[PDB]
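Listed next as C-alpha cells is one chain, alone, in the form deposited in one PDB entry.
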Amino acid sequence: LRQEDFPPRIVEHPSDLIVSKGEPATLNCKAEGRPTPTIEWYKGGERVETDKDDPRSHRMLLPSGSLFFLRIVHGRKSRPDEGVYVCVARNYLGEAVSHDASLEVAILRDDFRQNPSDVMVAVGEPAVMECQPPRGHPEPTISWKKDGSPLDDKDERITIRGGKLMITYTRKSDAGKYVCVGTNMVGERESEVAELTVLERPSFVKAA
C-alpha cells in the first residue's frame, strides 16, 4: 500500500428533475480526486449561489456534492431555480464536468383568468358557458361539473371545446349549477359556480 494524487473524476451524474413549486429538491453529484475537489454548480453557464456564498440562501451545497434546494422558488416575477445544471469538480491537477440535468417546475395558480357567468336560456335553444382556468405548467386541461357531478360528452348534446361548454336542445333538467375545473399534475382548481336558468318562451320574454 501507498499514497497517490490524481485529476478529478465523476462517479454519479445529476438526473433530470420535475418538481413542483415549494417542494424540496436534490440534484445528485459525486466526485473522486486527490484533493478533495471543490465542487461548483452551473445553471445556464452561471455559478449557483448557495449557503456557502450567502448564509441566508435557500440552496445548500451538501458535503456529498449534491445541490439541495430547501424549497423550489418559482413565481410570477422570479423563477431562479428552473433551468439546465452541471456540477464541476476541481483540484490543482484537473477538472471534471458532468452531463446536463434539466430542472423543470410544475405549478398551478389559483387566479381563474375568467369564471363562467350565470346564463339564462329558453327551452330548445343552445346555451353557452365560458371558462379560462388559471395559468399552469403544464397548462391545465379543462373539465366541467354540473350540480356537483363530473360532466361528460358521451352525452350527444353536450360539447366541451377549448374554453366553452355548449348544451344544445336545452330542457328544464339542464338548469343547475355549473363549475369549471382546470387540472394538471400538481392538483385541481375550481371556478366560481355559475347558474343556468332555463325558461319557457313566455317567461323568457318577461325576464329578457
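When you see a residue number, it is the position in the sequence shown, counting from 1.
If you look for the form deposited in another entry, you will not find it shown, but the lines that follow are about it.
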item: Identified hinge, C29, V105, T50, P133, relative rotation of rigid parts between this form and the one not shown; value: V105
item: Pair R79/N115, Cα separation in the other entry versus the displayed form, closer or farther by 3 angstroms or more; value: farther
item: Residue pair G75, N115 - Cα distance in the other entry, closer or farther (3 Å or more); value: farther
